[PDB]
Protein chains: 4
Amino acid sequence: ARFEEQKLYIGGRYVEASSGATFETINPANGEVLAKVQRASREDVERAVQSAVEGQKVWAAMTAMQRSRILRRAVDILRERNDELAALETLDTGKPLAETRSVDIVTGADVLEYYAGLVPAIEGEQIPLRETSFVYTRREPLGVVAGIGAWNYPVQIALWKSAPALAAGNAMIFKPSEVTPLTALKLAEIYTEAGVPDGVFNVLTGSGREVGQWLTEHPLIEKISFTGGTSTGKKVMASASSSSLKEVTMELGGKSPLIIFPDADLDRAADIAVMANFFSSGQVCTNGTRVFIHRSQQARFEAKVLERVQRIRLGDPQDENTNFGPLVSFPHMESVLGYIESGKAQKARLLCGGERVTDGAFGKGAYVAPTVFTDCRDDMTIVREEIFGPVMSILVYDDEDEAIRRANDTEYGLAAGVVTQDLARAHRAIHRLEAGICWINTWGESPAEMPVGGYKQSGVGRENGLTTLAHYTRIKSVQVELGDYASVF
Amino acid sequence: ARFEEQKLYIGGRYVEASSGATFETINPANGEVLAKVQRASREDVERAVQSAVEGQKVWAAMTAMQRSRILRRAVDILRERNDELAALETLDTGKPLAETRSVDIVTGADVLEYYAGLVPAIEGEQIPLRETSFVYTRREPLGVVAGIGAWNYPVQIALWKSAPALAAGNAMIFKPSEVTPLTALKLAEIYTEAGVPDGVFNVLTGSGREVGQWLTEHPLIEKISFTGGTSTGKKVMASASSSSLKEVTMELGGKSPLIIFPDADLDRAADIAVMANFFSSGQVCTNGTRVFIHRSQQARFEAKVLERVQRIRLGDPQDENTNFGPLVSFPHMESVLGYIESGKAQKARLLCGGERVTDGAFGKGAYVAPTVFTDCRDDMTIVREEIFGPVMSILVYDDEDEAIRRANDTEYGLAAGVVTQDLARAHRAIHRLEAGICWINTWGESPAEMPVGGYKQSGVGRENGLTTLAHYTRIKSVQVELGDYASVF
Amino acid sequence: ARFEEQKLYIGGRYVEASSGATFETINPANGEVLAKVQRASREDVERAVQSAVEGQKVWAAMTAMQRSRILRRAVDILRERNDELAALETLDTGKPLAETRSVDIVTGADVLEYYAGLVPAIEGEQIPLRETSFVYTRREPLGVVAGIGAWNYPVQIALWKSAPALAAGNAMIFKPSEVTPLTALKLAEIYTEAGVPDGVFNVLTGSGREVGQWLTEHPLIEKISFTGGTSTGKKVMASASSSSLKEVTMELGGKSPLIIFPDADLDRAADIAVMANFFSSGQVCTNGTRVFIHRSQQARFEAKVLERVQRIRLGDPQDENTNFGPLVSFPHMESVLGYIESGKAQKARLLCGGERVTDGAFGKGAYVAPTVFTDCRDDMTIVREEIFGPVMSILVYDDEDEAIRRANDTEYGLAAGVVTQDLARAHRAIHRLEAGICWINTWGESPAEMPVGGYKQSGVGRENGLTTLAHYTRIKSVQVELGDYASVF
Amino acid sequence: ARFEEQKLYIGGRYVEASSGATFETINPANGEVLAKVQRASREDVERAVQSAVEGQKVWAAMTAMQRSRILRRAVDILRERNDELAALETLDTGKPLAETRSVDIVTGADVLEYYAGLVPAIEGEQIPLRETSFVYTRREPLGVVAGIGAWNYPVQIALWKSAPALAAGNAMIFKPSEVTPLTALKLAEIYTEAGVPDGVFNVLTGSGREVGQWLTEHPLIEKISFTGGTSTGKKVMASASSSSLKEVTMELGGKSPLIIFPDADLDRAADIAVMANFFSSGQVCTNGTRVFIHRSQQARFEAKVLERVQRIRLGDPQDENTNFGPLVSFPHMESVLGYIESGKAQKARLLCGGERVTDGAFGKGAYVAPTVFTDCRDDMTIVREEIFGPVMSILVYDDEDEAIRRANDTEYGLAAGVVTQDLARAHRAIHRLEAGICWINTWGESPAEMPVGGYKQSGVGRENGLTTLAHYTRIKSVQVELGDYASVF
Ligand SMILES: [Rb+]
Ligand SMILES: [Rb+]
Ligand SMILES: [Rb+]
Ligand SMILES: [Rb+]
Ligand SMILES: [Rb+]
Ligand SMILES: [Rb+]
Ligand SMILES: [Rb+]
Ligand SMILES: [Rb+]
């Protein structure tokens, strides 16, 4: 009811989907129907693919610096529209407006800006072989890539995916999460408004098992970039391979550990833990959900942790004093509660939370209290499985080598962090943790220069950093022979 | 048979597989049984994995310069044993002895030598963020990788895969093709003799559908490197994704084009055409099986090709005077012969060859004469599909933009080549070809410095060159915060 | 004087110089006094050096993306004032308004734009040594750099020198040529309006023997970048080295060769030659002043050269129809005419020009007719020495290996060019030429990505390209030891 | 003397110097004349340069892997003859035999081993411009470069200079120190024996004042690498530049600071201090001659240092237990004795040594006892200036930022080191120290992977690391124009 019927975006104009069916998107703070959104058919994906192939031809035909200037124009618009877009992100995801105004559009435009200035620097190699022959390589675009986004950081994930694709000369077909489609459509307007060729950034909406699947199966799409669940990511990746042998980037979940060593400043460690567990209402791909505290500091540490949680300002995501909103949708809230119920059932001593917040207007919303369990064993479900909700698990260890072994005893490897004041230990311990994103005495910072990605089953490939731009290009090796040819026939 | 029963290689020695199964490997030139080879069981795969996990711990713990010395010592051994192994490769694949003595072991040891000197150079980045924080990356080994090799260049493929894998600090479990398992076991002997830690290169032999599959499903293996056909490569990758989300390198087949431009010296163009079609008896993934001649030179070019083909010395691969051996096996010959029937049947003009050679002692072997088809259209099966046998398809074009457009009208993209004398055309045309390996006035050369891999459905990832060594490491980003930690809680 | 009396630029403002002396800058088109320019004192050098140290500390303190934005605003400002700044560049140099509106500020700002997006890309190395120790490198700013500019491309040289200097986090003290000081002062205004901290770009004006000398001898300045004559550059470098061991970059002169091979299209060969000899009225270091034509084509080539010269529109640099201005000054004119007189004296067959244009209103200016000599020997003065004027020398060669040999036979190595239609010849020939900037079938184009500098006595170090930005930082190696320290004492 | 007349090594042979003069080299341990050494005349430098011109052409004409193998065999020869050369190094330098078998030849072949394996990794860039034009760079040898070595590490310095020089494809003319010429001549044999082309590594011996000067002035030499004192390095750099505008690498002196922070293990801080002052009898450019100890720890630290100094087993370098030899010559000894006598005069509280050892057989040698001064102010001569001897200066500081400010306050900047167990302190402190080699909780280890060189007046350029290999090539930029040429005339 709140917004006009959202249509598909193909070729710089809005288009009509050829399906006749729609789905709704819902405000989690109250339950509003935000908009009826059209779902794409197999015919609409085929249209976006054809629109992207021809649009990419124009984008790639430009100079490195033209694309650089156009993308930089898109940065300028994103900054001028920060407040407008940040509010729209809060309507759809339920994230505090204090967070979306400073983080989502801010750091999403940050990465677009970083690559925008690196486009002219994309280069190939040159190797001499002998007086008569040398090889040189080219870095050409892949062509049409497609990105599938998650719902916790809709606008940023779109930028973190599309920024390097466009910097490298590709067109991207973006499918926003079925939960949060509004914001990605506004980014398509902005890319077109900045001068990006028609077709280079199309947006397809609809159910994940259908339109997302069809994008991954398509014979002309050259790469799939996916953010989401590890379990879903496997089904996605196997499909992208078996269909046409596409290159893939996977940013999946993780049960990331945070080790607090004895010489750590406990006040800093408690600030770290709560930031790593309860920011965005605990709905971050890289949250440090397994906090390893040394037995000797266990009691003092929970004292500091409960003190922070109790002053967490939960409330309406539209209110500026709110730093803790609802969960993304009523279905997801229920599973987070199921895990919370599972932690109680296996006798993991609750400390706070464990309730759905219902008093006053919070019954109209999908509110879950900041929840911390303690005295957890390694075999409990809340220690083994990714909850993707505001649930901190405090584990107790005895030796340094035990905490590193346990941090590693997970099928996940997205993030890890140590907190310590010793030079030797900080570096020695971070080297032993099997994770791609490692923090020392901090948590949650991802600058655009720093490649971020998962070990093991938390991901394949990387995002951000220099390395990521390279993986949106293909190496072509050209050997130039200047001398005579030796045939054995 | 000709050799003792080849056992499994795990932990620095030969071991007995516990499976109870064996298989024969056959010389295609005469039909003699070369050896009985043991097949790995699921327990043996587990044993090799446990050996690699442990052996990799030792290897990564050495200093980069010690590993470099160890790999270089193996190079000296490979040069010491060139003629021995080349002979072994000729019994196992049937390739002429003039080829295996100069190509298979030489260029395999060429690549190992290259990476042997690059180990001390593997480095990570360091990025300043602010006076109070910096990030640095580590290039950690993936751990235990697995390689699955093809049968056309057994020892060469094993070397191109194990060299960067071992140079990066990994342990690799190698599965040679069930067709040609002998040479890879000698490679395990050589690495151990040079000082490689026990377990860093184990070799399991056996079926692709069982032991090869069990490897790609294994949870403790971190990457799969595969060489073979595209239809098989899709299933292999889908298995590695769906199982544990492994990293992959795919070296698949292709129907690579060779465009001969009107200004080409047709004598060089004809030597290039045959070298790209009949070396290794047409069993090279990167063979340029679609030859583009301009109509004005078609007649004279066919003359030049036909004159050269008639000289080809088909005969016993044990004779050093033979330059054209049998195919790898009789089943494969039936398939290559099946395609020839399609070219005769689809009204394509057979120019020479086109039959199986049975004259004299050649009936005991899998011999197909070099076959040239001409007046081929794009709708014919022999133009659209990888034959992997000595079959040349000569296509006629009228202008440049047709020939480049047609060369690209394929789902394959492994190699391509132009033959021309004009500076502007050579560079302009080769830029427009959709292939990862481009040759100008030459063919089939892959220097170790030059990354090689396929576009489109011809591959994922690269081999050789600096970039490949990078893709046997994973990036870990460590952000060190030295200043204060902020918190919204 | 046309303009108000020009002061020094130190600390974000114009200040009064403590010398008591001034000098005039003169319009070469008519003889008009453009401005009185202040001469810098020793106290003024000491004053600007203290300001650059204070400014660099502020500048290095910003985040890389802050520096990137500031520089990008200066790029946008420079695009807005292109025609205005181009007008000022034409009064000061006498170069046509058709050139300065197209080349001078355009390609100077191009380099600033290139480097502006690369600041977040400056990174250091990280090398693990063993589990117990690792090394990382930093790319720290050099500190306070100093630039001494030439007068042929006043505003462009300032940008090409200051763009990498500031992008790397350094402060620069720039001394423009005493002949062309006007534009350097406007750029200091532009950097300040764009947000550059006070002191990061100061401007000192005056004679090289005084102010330029004091800058190269000052102990707190860490690097000197000088563009100018080879004879002068040697004294500058010896002075900067002997004084405090500053690192240096030299862009010096050249007698650059242009080899036309027999199979070249002479129409392009003649178009290249005139552009390489008469652009900017012949006053470019990278001019092709030795043109090698094959004996067979000499007659045809001179004809094509004469035909092109005869349509050169010499005239008032303020006329847009003018594409060939006067020389930069009357003293320099006597020099260019002295060389012409020496070549007439040495029996070179003057083909056209060779005298000063004095007809009508051209008498007020230092106009020299485009001069081409032919039938030249290698020992003549016009062939051996750098003229820096509109004088083309046509030498006749007989085969390829001789022309490469003669072209290399010089103490210079700045630029060289071949013109040919053959793939093999172009690359083989350009590989044997001892010059740092090599063009094939073109001339005089310098993209920002391409490192440009001289071999031999034509220069030290490079400008533009990635490599230059690296050489405006100094490497610091930090080894962190995490284990025990062993001592033999 | 003990050995026959040592001659010049030019063009693969020992040759007769055309000078008629000779000079002697003396064992500092006893005073025996080791050899009569010939001085090169001006005519011999021309012979060695012309030999190097021809020798390099053969060397650069080889493939990267051929050159790599030749250098790699030379490493092997050096490894076998390590203990032989270590014996020769002790006669000439007087350095303990416990040092020369472990450090001098080991770490010299270490760097040669590093670069020998990096030759195929030398690559250039390729940058596209438009469909019709691209730029590529080549990294070509400089040609004939020349090295001047210091006398403290004769074999090590010769290797660290020639290893990257040859790996890049250059020929070197090396002039050993007039003090220590012996080992440099045996290195020339070893290169030739490994297969180095004749002339690629020549050795001229003789006066610091004459032959070294004649090399830096020679017009066909393209680079000078000098290791030695800053006073001479300034004259060296000035002369090589003013003559023919050569590039230089300078490894000059330093008064390197060692900051011991309050939270440090004093025992490790003392092990570092003595090693950083007394290895090689204190004659290393990177010696930590300014030790900064905090006021509170001064007493305990002085004790731990003196406890260690008192057990230094000084003695005859031909002994296996001698770990402290004489100084390199009787002239150098008196200079070191001179600095001590002045430090006594400036009222610095001597702690130990302070005298020349003459008791018993040590009177025949140039033995100087390990000397430590304490309670030092910055005014003193022993604190500002390069002693190059076993003289440790202990400065007392009060708070952290002051010690950083004082340690930085020198015209030198080769090395610096902090000893602390705090993450933030260690890294923040090392970031503000202005030296090219920074050590944390260690000292004096210099791997081949880590570029080493000085800030400020301690050097120009780097040695070791990849970057050093890069700076023995010159970049040539090649722009290929495939489209039309646009001429404005
Ligand atoms: Rb929603
Ligand atoms: Rb993975
Ligand atoms: Rb076989
Ligand atoms: Rb692919
Ligand atoms: Rb002027
Ligand atoms: Rb030079
Ligand atoms: Rb000596
Ligand atoms: Rb310096």
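The rules behind these values
Residues numbered from 1 in each chain as written, not as in the entry; some residues may be left out. Chains lettered and ligands numbered in written order. Heavy atoms only, no water. Axes fitted to C-alpha atoms, helices over the stretch in contact; angles between N-to-C directions. Helix = DSSP H or I, 4+ residues; strand = E, 2+ residues; numbered from the N terminus. Left-handed = near helix turned anticlockwise from the far one by under 90°. Contact = heavy atoms within 4.5 Å. Nonpolar A, V, L, I, M, F, W, Y, C, P; charged D, E, K, R; others polar. Buried area = accessible area lost by both parts, 1.4 Å probe. Salt bridge = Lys/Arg side-chain N within 4 Å of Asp/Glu carboxyl O. Polar contact = N/O pair within 3.5 Å; in protein donor to acceptor, adjacent residues only side chain to side chain. Pairing = 2+ DSSP bridges. Least-squares fit on C-alpha atoms.

As summarised from the PDB record, the model derives from X-ray crystallography at a stated resolution of 3.086 Å.

K.L.:
Run through the packing of helix α13 (residues 400-408) of chain A against helix α14 (residues 423-432) of chain A, naming residues and quoting values.
P.N.:
Residues and elements named next belong to chain A. Where α13 meets α14, the closest approach of the two axes is 10 Å, and the angle between their N-to-C directions is 35°. Note that α13 runs across α14; the crossing there is right-handed. Two secondary-structure elements touch here, α13 through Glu 400, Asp 401, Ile 404 and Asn 408 and α14 through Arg 425, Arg 428, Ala 429 and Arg 432. For the contact of α13 with α14, a count of residues per class yields two nonpolar, one polar and five charged.

K.L.:
Could you give me a rundown of the interface of chain C and chain D, with the residues and numbers involved?
P.N.:
Listed per partner, the contact involves 76 residues of chain C and 80 residues of chain D. Taken together, both faces of the contact between chain C and chain D bury some 6700 Å²; the carbon and sulfur share is 56%. Per-residue buried area on chain C facing chain D is highest for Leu245(C), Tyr485(C) and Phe489(C); these three make up 15% of the total on that side. For the pair chain C and chain D, the interface holds three salt bridges. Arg268(D) is the salt-bridge partner of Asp484(C), the closest N and O atoms lying 3.6 Å from each other. Counting across the chain C and chain D interface gives 42 residue pairs in polar contact. A per-class count over the side of chain C that touches chain D returns 35 nonpolar, 21 polar and 20 charged. Where strand β18 (residues 437-440) of chain C lies against strand β20 (residues 473-481) of chain D, four bridges are found, and the strand directions are parallel. From the neighbouring strand, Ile437(C) faces β20(D), where its bridge partner is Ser477(D).

K.L.:
A description of the relation of the copies chain D and chain A should follow, citing residues and the corresponding values.
P.N.:
Of the two same-sequence chains, chain D is brought onto chain A (RMSD 0.3 Å, axial shift 0.1 Å) by a rotation of 180°. What the rotation and shift describe, once combined, is the action of a two-fold rotation axis.

K.L.:
I'd like to hear about the interface of chain D and chain A, residue by residue, with values.
P.N.:
Interface size is often expressed as the accessible area that is lost when the parts come together. Taken together, the contacts link 21 residues of chain D with 19 residues of chain A. Taken together, both faces of the contact between chain D and chain A bury some 1500 Å²; the carbon and sulfur share is 54%. Considering only the surface of chain D that becomes buried against chain A, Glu123(D), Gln126(D) and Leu423(D) emerge as the three largest contributors, covering 37% of it. In this assembly, chain D and chain A are joined by zero salt bridges. Counting across the chain D and chain A interface gives six residue pairs in polar contact. Put simply, the parts of the chain that give the side of chain D that touches chain A at least two residues each are β5 (124-130), β6 (133-141) and α14 (423-432) of chain D. In terms of residue class, the side of chain D that touches chain A is built from nine nonpolar, eight polar and four charged. Across three bridges, the pairing between strand β5 (residues 124-130) of chain A and β5(D) is antiparallel. Among the inter-strand pairings, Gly124(A) is bridged to a residue of β5(D), identified as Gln126(D).

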